[PDB]
Amino acid sequence: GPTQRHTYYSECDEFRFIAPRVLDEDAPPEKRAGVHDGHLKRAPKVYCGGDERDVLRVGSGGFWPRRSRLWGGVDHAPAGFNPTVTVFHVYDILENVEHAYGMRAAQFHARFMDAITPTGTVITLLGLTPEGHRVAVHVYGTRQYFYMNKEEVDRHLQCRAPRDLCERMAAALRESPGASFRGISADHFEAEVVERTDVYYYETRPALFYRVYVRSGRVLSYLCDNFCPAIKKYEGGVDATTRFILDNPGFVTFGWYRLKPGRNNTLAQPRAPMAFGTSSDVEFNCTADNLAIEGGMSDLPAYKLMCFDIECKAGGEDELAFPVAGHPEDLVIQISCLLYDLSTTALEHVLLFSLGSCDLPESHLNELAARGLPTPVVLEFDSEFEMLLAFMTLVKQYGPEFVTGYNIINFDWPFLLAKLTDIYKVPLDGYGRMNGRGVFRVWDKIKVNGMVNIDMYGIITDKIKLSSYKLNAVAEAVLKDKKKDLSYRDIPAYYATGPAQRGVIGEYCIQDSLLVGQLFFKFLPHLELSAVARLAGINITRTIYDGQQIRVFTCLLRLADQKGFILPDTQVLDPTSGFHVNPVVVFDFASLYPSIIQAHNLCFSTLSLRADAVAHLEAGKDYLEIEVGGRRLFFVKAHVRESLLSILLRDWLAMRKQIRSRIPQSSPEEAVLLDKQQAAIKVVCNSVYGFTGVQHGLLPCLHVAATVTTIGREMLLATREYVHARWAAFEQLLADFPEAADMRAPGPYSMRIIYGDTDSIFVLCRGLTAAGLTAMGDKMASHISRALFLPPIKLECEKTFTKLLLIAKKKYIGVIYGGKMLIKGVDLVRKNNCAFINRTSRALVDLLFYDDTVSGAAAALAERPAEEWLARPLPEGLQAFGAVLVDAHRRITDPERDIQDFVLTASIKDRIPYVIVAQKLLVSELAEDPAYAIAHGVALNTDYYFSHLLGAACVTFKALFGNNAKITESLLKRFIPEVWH
C-alpha cells in the first residue's frame with residue numbers, strides 16, 4: 001500500500017448519471033427532451049467497437065494508450081523491468097514538503113531522511129531518459145534562506161550568539177496557533193553571520209547580517225510576516241527551486257543531466273514502486289552533488305503532446321443558449337484528443353471521446369488514411385461522467401508532459417473542471433504527475449503539476465495581426481486553408497438526429513485539433529519557452545502564466561549575490577491638429593528603455609538621494625545628474641560602480657549579437673534553435689524596464705523608471721534640436737545624403753518635426769518626395785544615432801506618410817507610402833451603425849486621402865484658424881467632399897432600392913432587422929420591418945439617418961478645424977441646402 005496515498009480514482013461503484021434523453025430510442029414523443037439526472041450504482045463503462053469495459057481497469061485490451069507503471073496499488077511493469085539510468089532530461093520541477101515520520105516505511109537511506117526530519121522541502125525533477133523512460137528524481141538537501149541585520153536584531157533582542165536567535169524564532173513559532181506542528185526547536189534552523197549590502201543606494205555600506213536557513217516555506221512565510229516586526233528581511237521571497245538552481249552553478253530548469261557519485265561516493269537511490277510519489281516508470285532520491293549538467297547532449301527526448309478540444313450542448317428551455325458548465329443539463333458531448341511525439345513530430349493517436357453513439361463519416365476516414373494519419377479510435381459513453389472520468393483517466397495514465405489546443409485555458413479546461421469539481425465532486429489533486437496533493441487548478445491561469453499547457457490562441461495573438469482570431473479564420477491566414485461548416489447553434493439539431501450526425505460533429509472536432517497541431521509545429525512555442533526557462537532560471541510552467549518580473553528577478557538575484565548584495569522584500573511639443581500633403585517621416589528608437597538603462601548606468605546600486613557621502617567624487621565625469629521628479633537625483637557611471645541592470649542587459653545584448661553572427665554558418669536545425677534563443681533574449685530584455693516600476697511588485701524602484709522617462713524625453717528633444725539645426729537647408733542634406741539629389745519636390749524645402757511621442761518623432765518634409773524618403777530616413781536616423789547617442793541606443797526609420805491627418809495626442813490617420821491606411825485612436829466604422837452610414841463615412845475619408853483636389857484644399861485649411869473660416873468661404877477644392885454628403889441625402893429620400901443598406905439591429909434580440917421611418921412628435925417609435933416599408937412604399941426618416949452621417953463626419957473631420965466640433969458642424973452645413981438641415 002503506497003506510503004503516500006493515490007487520490008485519483010482507481011474505483012467508483014456509483015456516480016451521478018447525466019445524459020440527454022434524446023439518446024433514448026425506446027422513446028415516446030414527449031420523453032425525449034432535457035436530460036436524465038440521477039444516481040446510478042455501477043462501474044463507469046467505455047464502449048469502443050462492439051467491445052465494452054470498465055473505465056478504471058488497466059491490463060488486457062485497453063482502448064487507449066498508457067505510459068503508466070503504477071495504477072492504484074498494482075505495479076504493471078513487466079516482472080524483470082529494472083532499467084539503469086545515467087542521463088535523463090528535465091522539463092519540469094516541483095517543490096513539496098516531505099516529513100521523516102510519514103516516510104519510515106519507504107525504504108530511504110538515512111541521508112535522505114536526515115534532510116526531511118522534522119520537515120524538509122523536496123525538489124522533484126520531472127522528465128525522461130534517452131530510452132523514453134519516465135523519471136522523477138527527488139532532490140533532498142535544498143534549504144531556503146533569508147537575511148536580517150545583525151546589530152539591529154542583536155540589539156532589539158539581544159543575542160549575537162547564533163543559537164539564541166534560532167531559539168527565539170522557534171519560540172516565535174510556538175505562539176502562532178497555526179501549526180507549529182511542534183517545530184519549536186532551535187535545530188530546525190542554522191544561522192550564520194555574513195557581510196553584505198542592501199542593493200539600494202550608492203552610499204549604503206556593507207553591514208553584518210544573519211543568514212538563516214529554514215526547513216519549509218510554511219515556516220519561512222510565517223517568519224516573514226511575524227518575526228520581523230520592525231526588522232528588515234531579505235530574500236524571503238526566494239523559493240527552494242531557485243536556490244537549488246542558483247547555488248548549483250550551471251544547473252538548469254530545462255536540460256539534460258546526469259546522476260554521478262558525490263562527496264563520499266554517495267549514490268542516487270532508486271525508490272521502491274510503492275514509494276513512488278508520481279506516475280513515472282522510475283524514481284530516485286538524491287542530493288545536488290549526485291547531479292551534473294550534461295552539456296553537449298542537447299536533443300529533445302520523446303516527450304508527448306496531447307492536443308485536445310471539447311464540444312458541448314445546451315439543455316434547458318432554450319437549446320440555442322450558450323452552454324454553461326454549472327448547469328447540469330448543459331453537457332460536454334465530445335472531446336478531441338491527439339497524441340504526438342514532440343521530438344519526432346508524428347501524430348501517433350487520434351481519439352474521440354463521445355457522449356452517445358458516434359459514427360465518423362467514411363469520407364473523413366478516407367481523408368485520414370490518405371494523409372498517412374492514424375485511424376481514429378472512438379470511445380463512446382452513456383453519461384457525461386463516464387466520459388469525463390475516461391478523459392481524466394487518460395490524462396493521468398498517458399501523462400502528456402505537454403498539452404495544447406485553442407482557447408483550452410479560457411474555455412475548454414475551465415468547462416471540464418467546473419463539471420468535475422462542482423457537479424461530480426471529483427478531486428483533482430491526483431490527476432497531474434503527483435499521485436495526490438498536487439496542484440490542478442484554473443483561476444482568473446491554469447496550473448497542473450508536471451503538465452506544460454501552451455494555448456495556441458495566445459501564441460497566435462503574439463506573432464500575427466488580424467481582423468479575426470477564430471480558428472477557421474486563423475487557419476485561412478496562416479495555413480492558407482479553408483473549412484467553414486459549423487456553428488454551436490446547429491449542434492443540438494444534429495445531436496438529436498442520430499449516430500451519423502454525431503459523427504459529423506466529431507469530424508469537425510478532430511479536424512479542429514489537426515489544425516491546432518499543424519500550428520504548434522509551425523510556431524514551436526515550447527521551444528521559445530524552454531529557451532526563456534533555460535535563460536531566466538525558472539521552471540517552464542512559470543514562463544507563461546506568471547508574468548513579467550519573474551523572468552528578470554531570478555537573474556538579477558544571481559548577479560546581485562555575486563557582487564555581495566542582498567535583495568530586500570515586500571516592504572510641450574506634440575501635435576497641432578491638421579492635414580498634411582507633404583510627406584511625414586517616422587523615426588523610432590529601438591528598445592528605448594532598455595538601451596537608456598545600459599547606456600546611462602542606472603540601477604538600484606548606482607543611484608542616490610544624497611549629494612554628500614557620494615565618495616565625494618565629481619559632477620559631470622563620474623555622475624549622472626538629473627532634476628528627476630520632486631528633487632535632484634544622481635547616478636554613478638560604469639567606472640565608479642557599474643549598474644546591475646546595465647550588466648544584465650549588456651551581457652544579454654552581447655549574447656544576442658554573438659548568437660546572430662552564428663545563425664548563417666550553422667546547420668538548418670542549429671539555426672532553428674539559435675533563432676528561438678535570440679528571440680528569448682529579446683523577450684527578457686524588453687522586461688527589465690517594466691520590472692523597475694511595479695510599485696508593489698518585487699524590488700520596485702519608481703525613481704529609476706521615472707529617470708528613464710525623463711531621459712527618454714530629453715533624447716527626443718535632442719533629436720528634434722538636432723534635425724532642425726543640421727537640416728534646415730537642403731544643401732547640408734544633399735552633402736550628407738547624395739541620393740537626396742533625386743528627391744527635391746516643387747515646393748520650398750522645410751524639415752520640421754511635428755509630432756513627438758514615447759519613442760518616435762514625426763518629421764514633416766516639405767519640398768521632398770515621399771518616394772525615397774524611407775531609405776534616406778534610415779540613414780538620417782543612423783547618422784543621428786552615431787552622432788548624438790551612446791551605444792545600444794539606436795534610432796531607425798520605419799515608415800513615411802504620403803499624407804496625414806494629425807488629430808491629437810495619440811490619434812491620427814495616414815496613408816503610408818508603399819502601403820495601406822493606418823488609423824490610430826479612432827474608428828470610422830461602428831458594428832452598430834447601418835452599412836450606409838459606415839460606407840459613406842468611409843468614402844469621405846477616402847476623398848480626403850485619395851482625391852488630390854480635396855487633399856490640397858484640406859491642407860490649405862491649416863493656413864488659417866478655425867474661427868476665420870467662419871467669416872469667409874472655404875477653399876473651392878472641397879467641392880467633391882460636399883458632393884458626397886449631398887449625394888447621401890438623395891440616397892435616402894428616393895424610391896431607392898436598397899433599403900437593406902439602412903437596416904439596424906440594435907439570438908432573438910438584435911437579429912430582428914428594422915428601419916427608421918418618417919411620420920405628439922415621435923422618438924424612434926418609428927421602427928419597422930424592412931419588407932413592410934418596401935411593400936408599403938414607406939419613406940425612410942431623412943432627418944434621422946442624415947443627422948447621424950453629419951454627426952459622424954463632424955467627429956472625424958474636426959481635426960481640419962482644431963477639433964472644434966461646433967465650427968465643423970457649421971462649415972459642412974455649407975455643402976448642403978439649409979432646408980435639409
# chains A, B, ... in the order shown; residues from 1 in each chain; ligands from 1
$ residues_around --residues "residue 838 (chain A)" --least-positions-apart "5" --cutoff "9 Å" --atoms "only C-alpha atoms" --output "tab-separated table (two decimals) with N, CA and C atoms, in the first residue's frame"
chain	number	residue	atom	x	y	z
A	828	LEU	N	-13.72	54.55	-37.83
A	828	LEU	CA	-14.58	55.25	-38.77
A	828	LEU	C	-15.80	54.37	-39.07
A	829	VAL	N	-15.84	53.25	-38.36
A	829	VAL	CA	-16.84	52.22	-38.51
A	829	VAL	C	-17.46	52.07	-37.11
A	830	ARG	N	-18.65	51.49	-37.06
A	830	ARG	CA	-19.30	51.04	-35.84
A	830	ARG	C	-20.06	49.80	-36.21
A	831	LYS	N	-19.83	48.67	-35.53
A	831	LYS	CA	-20.64	47.49	-35.83
A	831	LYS	C	-22.14	47.87	-35.75
A	833	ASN	N	-23.83	50.61	-36.45
A	833	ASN	CA	-24.39	51.51	-37.45
A	833	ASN	C	-24.73	50.80	-38.73
A	843	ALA	N	-16.15	56.60	-47.42
A	843	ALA	CA	-15.97	57.33	-48.70
A	843	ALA	C	-15.45	58.77	-48.53
A	949	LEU	N	-25.12	60.72	-40.13
A	949	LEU	CA	-23.97	60.93	-41.04
A	949	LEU	C	-23.27	62.26	-40.76
$ residues_around --residues "residue 379 (chain A)" --least-positions-apart "4" --cutoff "9 Å" --atoms "only C-alpha atoms" --output "CSV table (one decimal) with N, CA and C atoms, in the first residue's frame"
chain,number,residue,atom,x,y,z
A,46,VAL,N,-16.9,2.2,-20.8
A,46,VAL,CA,-16.5,2.8,-22.1
A,46,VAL,C,-17.0,1.8,-23.1
A,47,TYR,N,-17.4,2.3,-24.3
A,47,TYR,CA,-17.7,1.4,-25.4
A,47,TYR,C,-16.7,1.8,-26.5
A,48,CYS,N,-16.2,0.8,-27.2
A,48,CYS,CA,-15.3,1.1,-28.3
A,48,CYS,C,-15.5,-0.1,-29.2
A,49,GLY,N,-15.9,0.1,-30.4
A,49,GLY,CA,-16.4,-1.0,-31.3
A,49,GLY,C,-17.6,-1.7,-30.6
A,63,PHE,N,-8.5,0.4,-24.3
A,63,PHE,CA,-8.9,1.1,-25.5
A,63,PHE,C,-8.0,2.3,-25.9
A,64,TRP,N,-7.2,2.7,-24.9
A,64,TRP,CA,-6.4,3.9,-25.1
A,64,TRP,C,-5.0,3.6,-24.6
A,351,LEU,N,-7.9,10.1,-31.0
A,351,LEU,CA,-9.0,9.7,-30.1
A,351,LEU,C,-10.2,10.7,-30.0
A,352,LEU,N,-11.4,10.2,-30.1
A,352,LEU,CA,-12.6,11.0,-30.0
A,352,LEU,C,-13.4,10.3,-28.9
A,353,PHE,N,-13.6,11.0,-27.8
A,353,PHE,CA,-14.5,10.6,-26.7
A,353,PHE,C,-15.8,11.2,-27.0
A,354,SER,N,-16.9,10.4,-26.7
A,354,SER,CA,-18.3,10.7,-27.2
A,354,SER,C,-19.4,10.3,-26.3
A,355,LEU,N,-20.2,11.3,-25.9
A,355,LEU,CA,-21.4,11.0,-25.1
A,355,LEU,C,-22.5,10.7,-26.0
A,357,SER,N,-23.7,7.4,-29.1
A,357,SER,CA,-23.1,6.7,-30.2
A,357,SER,C,-22.6,7.7,-31.3
A,358,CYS,N,-21.4,7.4,-31.9
A,358,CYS,CA,-20.8,8.3,-32.8
A,358,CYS,C,-20.1,7.6,-34.0
A,387,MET,N,-17.6,9.7,-19.4
A,387,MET,CA,-16.7,10.2,-20.5
A,387,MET,C,-15.6,11.2,-19.9
A,390,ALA,N,-13.1,9.0,-18.0
A,390,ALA,CA,-12.2,8.3,-19.0
A,390,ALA,C,-11.1,9.3,-19.5
$ atom_distance --atom1 "CA of residue 492 (chain A)" --atom2 "CA of residue 386 (chain A)"
20.6 Å
$ atom_distance --atom1 "CA of residue 584 (chain A)" --atom2 "CA of residue 824 (chain A)"
15.5 Å
$ residues_around --residues "residue 807 (chain A)" --least-positions-apart "4" --cutoff "6 Å" --atoms "only C-alpha atoms" --output "MDAnalysis selection string"
chainID A and resid 577 811:812 959
$ atom_distance --atom1 "CA of residue 67 (chain A)" --atom2 "CA of residue 375 (chain A)"
20.2 Å
$ select_by_dssp --residues "region 19-119 of chain A" --states "alpha helix (DSSP H)" --output "number ranges by chain"
A: 110-115
$ write_last_selection --atoms "N, CA and C atoms" --output "JSON list (two decimals), in the first residue's frame"
[["chain", "number", "residue", "atom", "x", "y", "z"],
["A", 110, "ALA", "N", 19.20, 6.89, 5.11],
["A", 110, "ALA", "CA", 19.21, 7.94, 6.14],
["A", 110, "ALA", "C", 19.69, 9.33, 5.68],
["A", 111, "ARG", "N", 20.67, 9.44, 4.79],
["A", 111, "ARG", "CA", 20.99, 10.81, 4.36],
["A", 111, "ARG", "C", 19.73, 11.56, 3.88],
["A", 112, "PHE", "N", 18.81, 10.86, 3.21],
["A", 112, "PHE", "CA", 17.60, 11.48, 2.69],
["A", 112, "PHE", "C", 16.66, 11.84, 3.84],
["A", 113, "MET", "N", 16.45, 10.90, 4.75],
["A", 113, "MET", "CA", 15.56, 11.09, 5.88],
["A", 113, "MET", "C", 16.07, 12.23, 6.75],
["A", 114, "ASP", "N", 17.37, 12.21, 7.02],
["A", 114, "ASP", "CA", 18.04, 13.32, 7.68],
["A", 114, "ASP", "C", 17.55, 14.63, 7.08],
["A", 115, "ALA", "N", 17.59, 14.76, 5.75],
["A", 115, "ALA", "CA", 17.21, 16.03, 5.09],
["A", 115, "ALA", "C", 15.76, 16.49, 5.32]]
$ residues_around --residues "residue 230 (chain A)" --least-positions-apart "4" --cutoff "12 Å" --atoms "only C-alpha atoms" --output "number ranges by chain"
A: 148-149, 152-153, 156-157, 224-226, 571
$ residues_around --residues "residue 841 (chain A)" --least-positions-apart "2" --cutoff "12 Å" --atoms "only C-alpha atoms" --output "CSV table (one decimal) with N, CA, C and O atoms, in the first residue's frame"
chain,number,residue,atom,x,y,z
A,827,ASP,N,-12.0,55.0,-34.7
A,827,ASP,CA,-12.6,54.1,-35.8
A,827,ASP,C,-13.5,55.0,-36.6
A,827,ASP,O,-14.0,56.0,-36.1
A,828,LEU,N,-13.7,54.6,-37.8
A,828,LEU,CA,-14.6,55.3,-38.8
A,828,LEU,C,-15.8,54.4,-39.1
A,828,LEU,O,-16.6,54.7,-39.9
A,829,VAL,N,-15.8,53.2,-38.4
A,829,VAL,CA,-16.8,52.2,-38.5
A,829,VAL,C,-17.5,52.1,-37.1
A,829,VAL,O,-16.9,52.5,-36.1
A,830,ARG,N,-18.7,51.5,-37.1
A,830,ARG,CA,-19.3,51.0,-35.8
A,830,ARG,C,-20.1,49.8,-36.2
A,830,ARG,O,-20.9,49.9,-37.1
A,833,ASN,N,-23.8,50.6,-36.5
A,833,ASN,CA,-24.4,51.5,-37.5
A,833,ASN,C,-24.7,50.8,-38.7
A,833,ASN,O,-24.1,49.8,-39.1
A,834,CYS,N,-25.7,51.3,-39.5
A,834,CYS,CA,-26.0,50.7,-40.7
A,834,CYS,C,-24.9,50.8,-41.8
A,834,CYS,O,-24.0,51.7,-41.7
A,835,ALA,N,-25.0,49.9,-42.8
A,835,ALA,CA,-24.0,49.8,-43.8
A,835,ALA,C,-23.8,51.2,-44.4
A,835,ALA,O,-22.6,51.7,-44.4
A,836,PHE,N,-24.9,51.8,-44.7
A,836,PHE,CA,-24.9,53.1,-45.4
A,836,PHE,C,-24.2,54.2,-44.6
A,836,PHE,O,-23.5,55.0,-45.2
A,837,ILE,N,-24.3,54.3,-43.3
A,837,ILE,CA,-23.6,55.4,-42.6
A,837,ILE,C,-22.1,55.0,-42.6
A,837,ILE,O,-21.3,55.9,-42.7
A,838,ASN,N,-21.8,53.8,-42.5
A,838,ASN,CA,-20.4,53.3,-42.5
A,838,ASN,C,-19.7,53.5,-43.8
A,838,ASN,O,-18.5,53.9,-43.9
A,839,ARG,N,-20.4,53.2,-44.9
A,839,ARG,CA,-19.8,53.2,-46.3
A,839,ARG,C,-19.5,54.6,-46.7
A,839,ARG,O,-18.5,54.9,-47.3
A,843,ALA,N,-16.1,56.6,-47.4
A,843,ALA,CA,-16.0,57.3,-48.7
A,843,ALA,C,-15.4,58.8,-48.5
A,843,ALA,O,-14.6,59.2,-49.3
A,844,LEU,N,-15.9,59.5,-47.5
A,844,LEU,CA,-15.4,60.8,-47.1
A,844,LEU,C,-13.9,60.8,-46.9
A,844,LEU,O,-13.2,61.4,-47.6
A,845,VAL,N,-13.5,60.0,-45.9
A,845,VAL,CA,-12.1,59.9,-45.5
A,845,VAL,C,-11.2,59.5,-46.8
A,845,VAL,O,-10.1,60.0,-46.9
A,846,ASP,N,-11.7,58.7,-47.6
A,846,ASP,CA,-11.0,58.4,-48.8
A,846,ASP,C,-10.9,59.6,-49.8
A,846,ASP,O,-9.8,59.8,-50.3
A,847,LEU,N,-12.0,60.3,-50.0
A,847,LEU,CA,-11.8,61.5,-50.8
A,847,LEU,C,-10.7,62.4,-50.2
A,847,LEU,O,-9.9,63.0,-51.0
A,848,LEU,N,-10.6,62.6,-48.9
A,848,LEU,CA,-9.6,63.4,-48.3
A,848,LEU,C,-8.2,62.9,-48.6
A,848,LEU,O,-7.3,63.7,-48.7
A,881,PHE,N,-16.1,66.9,-51.7
A,881,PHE,CA,-16.5,66.5,-50.3
A,881,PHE,C,-17.9,66.7,-50.1
A,881,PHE,O,-18.6,65.8,-49.6
A,884,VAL,N,-20.4,64.4,-51.9
A,884,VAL,CA,-20.7,63.1,-51.2
A,884,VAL,C,-21.9,63.2,-50.2
A,884,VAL,O,-22.7,62.3,-50.2
A,885,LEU,N,-21.9,64.3,-49.4
A,885,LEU,CA,-23.0,64.5,-48.4
A,885,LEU,C,-24.3,64.7,-49.0
A,885,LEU,O,-25.3,64.1,-48.8
A,888,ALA,N,-25.6,61.7,-50.4
A,888,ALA,CA,-26.1,60.7,-49.4
A,888,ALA,C,-27.5,61.0,-49.1
A,888,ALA,O,-28.3,60.1,-48.9
A,946,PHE,N,-29.7,61.1,-41.8
A,946,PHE,CA,-28.8,62.1,-42.2
A,946,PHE,C,-28.1,62.8,-41.0
A,946,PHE,O,-26.8,62.8,-41.1
A,948,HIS,N,-27.3,61.5,-38.3
A,948,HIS,CA,-26.2,60.6,-37.9
A,948,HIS,C,-25.0,60.6,-38.8
A,948,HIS,O,-23.9,60.5,-38.3
A,949,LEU,N,-25.1,60.7,-40.1
A,949,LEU,CA,-24.0,60.9,-41.0
A,949,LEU,C,-23.3,62.3,-40.8
A,949,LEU,O,-22.1,62.3,-40.6
A,950,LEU,N,-24.0,63.3,-40.6
A,950,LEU,CA,-23.5,64.7,-40.3
A,950,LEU,C,-22.6,64.7,-39.0
A,950,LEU,O,-21.6,65.3,-38.9
A,951,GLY,N,-23.2,64.0,-38.0
A,951,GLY,CA,-22.5,63.8,-36.7
A,951,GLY,C,-21.2,63.0,-36.9
A,951,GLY,O,-20.2,63.4,-36.4
A,952,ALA,N,-21.3,61.8,-37.6
A,952,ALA,CA,-20.0,61.1,-37.8
A,952,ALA,C,-19.0,61.8,-38.6
A,952,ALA,O,-17.8,61.9,-38.2
A,953,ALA,N,-19.3,62.5,-39.7
A,953,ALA,CA,-18.4,63.3,-40.4
A,953,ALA,C,-17.8,64.4,-39.5
A,953,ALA,O,-16.6,64.7,-39.6
A,954,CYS,N,-18.7,65.0,-38.7
A,954,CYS,CA,-18.2,66.0,-37.8
A,954,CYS,C,-17.2,65.6,-36.8
A,954,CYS,O,-16.3,66.4,-36.5
A,955,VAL,N,-17.2,64.3,-36.3
A,955,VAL,CA,-16.2,63.9,-35.3
A,955,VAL,C,-14.9,63.4,-36.0
A,955,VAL,O,-13.9,63.4,-35.3
A,956,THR,N,-15.0,63.1,-37.3
A,956,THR,CA,-13.8,62.7,-38.0
A,956,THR,C,-13.0,63.8,-38.6
A,956,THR,O,-11.8,63.8,-38.6
A,957,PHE,N,-13.7,64.9,-39.0
A,957,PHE,CA,-13.0,66.0,-39.7
A,957,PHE,C,-13.0,67.3,-38.8
A,957,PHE,O,-12.7,68.3,-39.3
$ residues_around --residues "residue 513 (chain A)" --least-positions-apart "4" --cutoff "8 Å" --atoms "only C-alpha atoms" --output "ChimeraX atom specification"
/A:307-309,336-338,405,509,517
$ residues_around --residues "region 181-192 of chain A" --least-positions-apart "4" --cutoff "8 Å" --atoms "only C-alpha atoms" --output "list in words"
residues 118, 162, 163, 165, 166, 167, 168, 169, 170, 171, 173, 174, 210, 211, 212, 213, 214 and 215 of chain A
$ select_by_dssp --residues "region 776-973 of chain A" --states "strand (DSSP E or B)" --output "ChimeraX atom specification"
/A:794-808,811-816,821-824,904,914-917,927-928,940
$ write_last_selection --atoms "N, CA, C and O atoms" --output "compact mmCIF listing (two decimals), in the first residue's frame"
# COMPACT_ATOMS: atom_id res chain seq x y z
N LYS A 794 19.63 53.25 -30.47
CA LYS A 794 19.59 53.21 -31.92
C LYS A 794 18.26 53.74 -32.44
O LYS A 794 17.23 53.10 -32.28
N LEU A 795 18.30 54.91 -33.05
CA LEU A 795 17.15 55.44 -33.80
C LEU A 795 17.12 54.83 -35.21
O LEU A 795 18.15 54.67 -35.87
N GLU A 796 15.93 54.49 -35.68
CA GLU A 796 15.76 53.95 -37.05
C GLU A 796 14.54 54.56 -37.74
O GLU A 796 13.77 55.31 -37.14
N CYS A 797 14.36 54.21 -39.01
CA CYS A 797 13.21 54.68 -39.76
C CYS A 797 12.36 53.52 -40.26
O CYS A 797 12.84 52.59 -40.89
N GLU A 798 11.06 53.64 -40.01
CA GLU A 798 10.06 52.61 -40.36
C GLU A 798 9.29 52.83 -41.62
O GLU A 798 9.03 51.88 -42.37
N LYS A 799 8.94 54.09 -41.87
CA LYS A 799 7.62 54.44 -42.34
C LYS A 799 7.57 55.93 -42.77
O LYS A 799 7.94 56.82 -42.01
N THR A 800 7.10 56.18 -43.98
CA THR A 800 6.78 57.52 -44.46
C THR A 800 5.26 57.60 -44.70
O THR A 800 4.68 56.67 -45.28
N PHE A 801 4.64 58.70 -44.24
CA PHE A 801 3.25 59.02 -44.58
C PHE A 801 3.21 59.95 -45.79
O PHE A 801 3.64 61.10 -45.71
N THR A 802 2.67 59.49 -46.90
CA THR A 802 2.36 60.37 -48.02
C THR A 802 1.43 61.51 -47.61
O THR A 802 1.55 62.62 -48.10
N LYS A 803 0.47 61.22 -46.75
CA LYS A 803 -0.50 62.19 -46.26
C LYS A 803 -0.87 61.83 -44.85
O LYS A 803 -0.80 60.65 -44.47
N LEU A 804 -1.28 62.82 -44.07
CA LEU A 804 -1.55 62.60 -42.67
C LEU A 804 -2.54 63.59 -42.07
O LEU A 804 -2.36 64.80 -42.14
N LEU A 805 -3.60 63.04 -41.47
CA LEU A 805 -4.50 63.79 -40.59
C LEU A 805 -3.95 63.64 -39.18
O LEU A 805 -3.95 62.54 -38.62
N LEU A 806 -3.47 64.73 -38.62
CA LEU A 806 -2.94 64.70 -37.29
C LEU A 806 -4.10 65.22 -36.48
O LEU A 806 -4.47 66.39 -36.65
N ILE A 807 -4.73 64.34 -35.70
CA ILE A 807 -5.89 64.70 -34.90
C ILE A 807 -5.41 65.18 -33.55
O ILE A 807 -5.66 66.32 -33.18
N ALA A 808 -4.73 64.29 -32.82
CA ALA A 808 -4.30 64.64 -31.48
C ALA A 808 -3.25 63.72 -30.86
O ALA A 808 -2.75 62.75 -31.47
N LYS A 811 -3.63 60.13 -31.78
CA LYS A 811 -4.77 59.97 -32.68
C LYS A 811 -4.45 60.54 -34.06
O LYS A 811 -4.29 61.75 -34.23
N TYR A 812 -4.37 59.67 -35.06
CA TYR A 812 -4.14 60.13 -36.41
C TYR A 812 -4.56 59.12 -37.47
O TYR A 812 -4.70 57.93 -37.18
N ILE A 813 -4.75 59.61 -38.70
CA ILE A 813 -4.96 58.75 -39.85
C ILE A 813 -3.95 59.12 -40.89
O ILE A 813 -3.76 60.30 -41.15
N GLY A 814 -3.31 58.13 -41.49
CA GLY A 814 -2.31 58.38 -42.53
C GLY A 814 -2.33 57.28 -43.56
O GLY A 814 -2.72 56.15 -43.25
N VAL A 815 -1.94 57.60 -44.79
CA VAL A 815 -1.68 56.60 -45.80
C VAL A 815 -0.19 56.47 -45.83
O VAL A 815 0.52 57.46 -45.71
N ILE A 816 0.31 55.25 -46.00
CA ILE A 816 1.75 55.02 -45.88
C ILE A 816 2.31 54.87 -47.26
O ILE A 816 1.79 54.09 -48.05
N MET A 821 -3.71 52.30 -45.35
CA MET A 821 -4.08 53.32 -44.39
C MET A 821 -3.74 52.84 -42.99
O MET A 821 -3.76 51.66 -42.72
N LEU A 822 -3.37 53.77 -42.11
CA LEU A 822 -3.08 53.46 -40.71
C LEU A 822 -3.92 54.42 -39.90
O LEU A 822 -3.85 55.62 -40.10
N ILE A 823 -4.72 53.87 -38.99
CA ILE A 823 -5.73 54.62 -38.25
C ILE A 823 -5.41 54.40 -36.78
O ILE A 823 -5.32 53.26 -36.37
N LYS A 824 -5.19 55.45 -36.00
CA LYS A 824 -4.83 55.27 -34.59
C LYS A 824 -5.69 56.09 -33.65
O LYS A 824 -5.76 57.30 -33.76
N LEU A 904 -30.96 48.47 -39.31
CA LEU A 904 -30.37 48.42 -37.97
C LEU A 904 -30.81 47.14 -37.29
O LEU A 904 -31.77 46.48 -37.69
N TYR A 914 -34.71 46.09 -38.60
CA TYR A 914 -35.69 47.14 -38.74
C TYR A 914 -35.12 48.32 -39.49
O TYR A 914 -33.94 48.31 -39.86
N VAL A 915 -35.97 49.32 -39.71
CA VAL A 915 -35.55 50.54 -40.36
C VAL A 915 -36.26 51.68 -39.68
O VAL A 915 -37.36 51.47 -39.18
N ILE A 916 -35.66 52.87 -39.66
CA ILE A 916 -36.40 54.02 -39.09
C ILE A 916 -37.12 54.74 -40.20
O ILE A 916 -36.55 54.97 -41.24
N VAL A 917 -38.38 55.11 -39.94
CA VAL A 917 -39.31 55.63 -40.96
C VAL A 917 -39.89 57.02 -40.61
O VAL A 917 -39.91 57.42 -39.45
N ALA A 927 -39.60 52.52 -35.78
CA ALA A 927 -39.02 51.29 -36.31
C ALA A 927 -40.03 50.56 -37.19
O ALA A 927 -41.23 50.79 -37.08
N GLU A 928 -39.54 49.68 -38.05
CA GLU A 928 -40.40 48.95 -38.97
C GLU A 928 -39.67 47.83 -39.68
O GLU A 928 -38.55 48.01 -40.13
N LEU A 940 -37.96 56.50 -45.69
CA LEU A 940 -37.08 56.47 -44.53
C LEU A 940 -37.05 57.83 -43.86
O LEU A 940 -37.48 58.83 -44.41
$ closest_residue --among "A:37, A:92, A:851, A:195" --to "residue 252 (chain A)" --atoms "only C-alpha atoms"
A:92
$ decode --residues "region 59-71 of chain A" --atoms "C-alpha atoms" --output "PDB file, in the first residue's frame"
ATOM      1  CA  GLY A  59      -4.379  -4.621 -18.141  1.00  0.00           C
ATOM      2  CA  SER A  60      -5.853  -6.561 -21.134  1.00  0.00           C
ATOM      3  CA  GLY A  61      -7.329  -4.891 -24.272  1.00  0.00           C
ATOM      4  CA  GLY A  62      -7.339  -1.268 -23.067  1.00  0.00           C
ATOM      5  CA  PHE A  63      -8.886   1.140 -25.535  1.00  0.00           C
ATOM      6  CA  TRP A  64      -6.354   3.904 -25.145  1.00  0.00           C
ATOM      7  CA  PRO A  65      -2.550   4.125 -24.788  1.00  0.00           C
ATOM      8  CA  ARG A  66      -0.857   4.311 -21.343  1.00  0.00           C
ATOM      9  CA  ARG A  67       2.572   5.376 -20.157  1.00  0.00           C
ATOM     10  CA  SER A  68       1.874   4.206 -16.580  1.00  0.00           C
ATOM     11  CA  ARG A  69       3.802   1.898 -14.252  1.00  0.00           C
ATOM     12  CA  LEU A  70       1.659   2.094 -11.044  1.00  0.00           C
ATOM     13  CA  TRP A  71      -2.147   2.083 -11.116  1.00  0.00           C
TER      14      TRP A  71
END
